[PDB]
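Written below as structure tokens is the structure these notes are about.
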2 protein chains.
Amino acid sequence: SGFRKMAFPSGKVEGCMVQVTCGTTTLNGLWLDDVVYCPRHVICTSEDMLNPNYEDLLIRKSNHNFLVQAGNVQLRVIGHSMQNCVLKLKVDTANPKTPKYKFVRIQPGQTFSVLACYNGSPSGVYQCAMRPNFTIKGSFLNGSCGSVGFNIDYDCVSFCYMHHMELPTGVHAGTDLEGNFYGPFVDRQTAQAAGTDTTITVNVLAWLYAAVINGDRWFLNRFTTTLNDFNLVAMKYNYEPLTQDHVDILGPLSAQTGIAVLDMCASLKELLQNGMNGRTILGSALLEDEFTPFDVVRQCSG
Amino acid sequence: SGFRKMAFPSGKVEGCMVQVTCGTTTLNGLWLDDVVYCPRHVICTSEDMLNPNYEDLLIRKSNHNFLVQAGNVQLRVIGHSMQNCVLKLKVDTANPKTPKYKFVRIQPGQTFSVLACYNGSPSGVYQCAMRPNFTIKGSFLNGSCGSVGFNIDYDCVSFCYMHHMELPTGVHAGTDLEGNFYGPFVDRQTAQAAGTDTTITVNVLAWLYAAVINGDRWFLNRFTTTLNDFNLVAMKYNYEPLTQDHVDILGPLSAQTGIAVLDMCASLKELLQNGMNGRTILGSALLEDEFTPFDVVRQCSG
Ligand SMILES: CNC(=O)C[C@H](Cc1ccccc1)NC(=O)[C@@H](Cc1ccc(Cl)cc1Cl)NC(=O)[C@H](N)Cc1ccccc1C#N
Ligand SMILES: CNC(=O)C[C@H](Cc1ccccc1)NC(=O)[C@@H](Cc1ccc(Cl)cc1Cl)NC(=O)[C@H](N)Cc1ccccc1C#N
């Protein structure tokens, strides 16, 4: 029993983290086979960061301008290219610790593990959700750019995030591993703003199911609701609309607990309209929205 | 910026997890050099679990009664012994992935990372505090016994916890790696109860400092308090007494933020007496007590 925010074991990713240096700029890279992936703004100086033309900046670089360190071993760069906002450095050595892997671009509401790194060295692991406004609420200091986010599925690592920048509000923005930003953001040092965020409804429902699986039932009621009438209440409280596909995804949890999805929606509706009145759910006084239905099944199996 | 509950990267420990089987009982073990450490109740049958005499049960075992699997490789047991509540199996192969390590017995209020494992295979990582009543609030299913808790200090893994059992209240009890239980618990399948728990005051104060370091100041006030008068309020709200040593430990955070420890104690006193009034601190509506002062410095450096 118990329910905890749980990251994937990070070892398969730790063996891929390296340090990339160009001039005075140092950040983290991901070494898979004989290619190192890192944020392309590693080629920028501080003055370049205002409004860089990256094609221009990269054409002025040669292979020996890039320093790649794996542990205390220096890797020789033998080619370089740019794919969207990621720099790819071909090195002369294949990473012997390369796991089975894929690159995946996730949807808002999905979660992943972040391996926070500094100078190519991992410092900690935590769970994040991609917010509906395509930011994540991470923990990142200077030097963390290039840290990656990932899921693991039967010894296959699915990389889904590379960290690029902190926005003025303190939330974080980044790309998939093919260099495409999540959201409308661009990689230049100007004040960009995230859109207004909303709560991930299907995830809150998953977490309420986790609470029932763990014996917490106080928030249930005898009522049900229609999908349409639930969504009218969702809008008012800044919750994302629940779709029929969300209902279908929650099927397994609904079957395990005996609580129909729209019955749990009636519980959430009442929780939104009256609050918790001092009680907690799985140790929380706020409704939690960073557990997917998959996260719940993975941790609550049985 | 940002503040997240963060585990240590788990890779150095993943390479040590193995599966131990005796009869029909299977659980996790920790393989360091040529010794495998696991909970001694692996030698018990279901009938034995009511009131076992472990010396009696172990004297009836031979080396070949123990099956140790590392990945898809079987390890040969060449000796066995009991140290308190841990079984030690000598195997014919030294673990080539053995990290630099120590065994440490921690105090209540200290935190550690847990690598939850099933059948010798890691499933997830999360942070735990040792509660004042010597339980942890983990996430553990059947088969998780033998999962370990650890801290990492400059590539040295300090193992501090091995999981042994879930209590009726759903909280978790275990031993140090030398087999001594934390708290009054014993390894037999009877209903034992944890003592009443209390809040870890020095940790709440550390987390309030983390909030200030991250720009959250709304809970501060112009008042200060004496240590004695703070502790009178602490008792009333089931908080552990704050000692002068706790004050000293918070020195670095106090110096970084400019807020004297007893000034922050006045903020906590007011938060306990009036609640939050709908506001949050670092995203939480409850006061958090599972970050040590060390945890805060490690994540908020700068
Ligand atoms: C109080 N908030 C801050 O000080 C963060 C500040 C907000 C801001 C941004 C813009 C205008 C005004 C204010 N942003 C940065 O300093 C950015 C600059 C930057 C670099 C490269 C690109 Cl492509 C884009 C950008 Cl915007 N630097 C980074 O994000 C580092 N990679 C890591 C890093 C360094 C320092 C602190 C946090 C983190 C993280 N994570
Ligand atoms: C609703 N709560 C429960 O069902 C848990 C139940 C509470 C209880 C305990 C006692 C009397 C009545 C009720 N405890 C266990 O079933 C224990 C039994 C047990 C084995 C060995 C020793 Cl030395 C001591 C003990 Cl007590 N088994 C384990 O803890 C497994 N190692 C892992 C495990 C299995 C299943 C569920 C959770 C977990 C975990 N973690």
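For neighbour counting, all protein chains shown are included, and Cβ atoms are generated from backbone atoms with ideal geometry for every residue, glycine included. The values are calculated or read from the model by the stated rules, or taken from the named source; nothing here is a laboratory result.
For the range A:193-203, enumerate the residues that are crowded, with 16+ Cβ neighbours inside 10 Å and either aliphatic (A, V, I, L, M) or free of Cβ contacts under 8 Å to residues at least 60 places away in the same chain (or both).
A:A194, A:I200, A:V202
Go through the range A:171-195 and give me each residue that's of a type outside the set (G, A, S) and farther than 22 Å from B:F3 by Cα. Spell out the reasoning first.
So the first thing to find is which residues in the range A:171-195 are of a type outside the set (G, A, S), and the list is A:171-172, A:175-178, A:180-182, A:184-190, A:192.
Once the filter is applied, which keeps residues that are of a type outside the set (G, A, S) and farther than 22 Å from B:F3 by Cα, the range A:171-195 yields A:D176, A:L177, A:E178, A:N180, A:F181, A:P184, A:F185, A:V186, A:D187, A:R188, A:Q189, A:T190.
Identify, from the list B:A7, B:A94, the residue that is closer than 21 Å to B:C156 by Cβ, out of contact with any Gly (no Cβ under 9 Å at 6 or more places or on another chain) and among the hydrophobic types (A, V, I, L, M, F, W, C).
On the way: B:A7 fails: out of contact with any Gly (no Cβ under 9 Å at 6 or more places or on another chain).
After applying the criteria, what remains is B:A94.
Looking at the range B:133-174 only, could you name the residues that are near ligand 2 (Cβ under 10 Å from one of its atoms), more than 17 Å from B:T111 (Cβ to Cβ) and of a type in the set (S, T, Y)?
B:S144, B:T169
Of everything in the range A:180-212, what is within 30 Å of A:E47 (Cβ to Cβ) and among the aromatic types (F, W, Y)? Give them in sequence order.
Matches in the range A:180-212: A:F181, A:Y182, A:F185.
May I ask you to verify whether B:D187 is within 20 Å of the chain's Cα centre (by Cα) and of a type in the set (D, E)?
It is true that B:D187 is within 20 Å of the chain's Cα centre (by Cα) and of a type in the set (D, E).
Restricting the search to the range A:199-231, which residues are closer than 26 Å to A:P108 by Cα and over 29 Å from the mean Cα position of the chain (by Cα)?
Within the range A:199-231, A:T225, A:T226, A:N228, A:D229 qualify.
Yes or no: B:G2 out of contact with any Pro (no Cβ under 9 Å at 6 or more places or on another chain), assigned to a strand (DSSP E or B) and among the small types (G, A, S)?
Here the answer is no, as B:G2 does not meet what is asked.
Only one residue in A:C160, A:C145 is under 15 Å from the mean Cα position of the chain (by Cα), near ligand 1 (Cβ under 9 Å from one of its atoms) and more than 9 Å from chain B (Cβ to nearest Cβ), so which one is that?
The match here is A:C145.
Working only within the range B:99-131, note down all residues that are part of a strand (DSSP E or B) and hydrophobic (A, V, I, L, M, F, W, C).
B:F103, B:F112, B:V114, B:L115, B:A116, B:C117, B:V125, B:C128, B:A129
Mind listing just one residue for me: the one in the range A:175-192 that is surrounded by 14 or more Cβ atoms within 10 Å (Cβ to Cβ) and among the hydroxyl-bearing types (S, T, Y) and, of those, nearest to ligand 2 (Cβ to nearest atom)?
A:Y182
When B:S123 is evaluated against the numbered criteria (1) touching a residue at least 24 places away in the same chain (Cβ under 8 Å); (2) within 16 Å of ligand 2 (Cβ to nearest atom); (3) out of contact with any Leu (no Cβ under 8 Å at 6 or more places or on another chain), which criterion, by number, is the only one it fails?
For B:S123, the exception is condition (1).
Quick one: how many residues across the range A:117-138 are surrounded by 22 or more Cβ atoms within 10 Å (Cβ to Cβ), within 16 Å of ligand 1 (Cβ to nearest atom) and of a type in the set (S, T, N, Q)?
1
Looking at A:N28, A:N65, A:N72, can you tell me which residue is within 14 Å of chain B (Cβ to nearest Cβ), in contact with a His (Cβ under 9 Å, 6 or more places away or on another chain) and of a type in the set (S, T, N, Q)? Give the derivation first.
Working: A:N65 fails: within 14 Å of chain B (Cβ to nearest Cβ); A:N72 fails: in contact with a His (Cβ under 9 Å, 6 or more places away or on another chain).
The conditions single out A:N28.
Quick one: is B:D187 closer than 25 Å to B:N151 by Cα, assigned by CATH to the domain that holds B:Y154 and in contact with a helix residue (DSSP H, G or I) (Cβ under 9 Å, 6 or more places away or on another chain)?
So B:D187 passes the test.
Could you tell me which of the residues B:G29, B:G23, B:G15, B:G2 is within 16 Å of ligand 1 (Cβ to nearest atom) and in contact (Cβ under 8 Å) with a residue 40 or more places away in the chain?
B:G2
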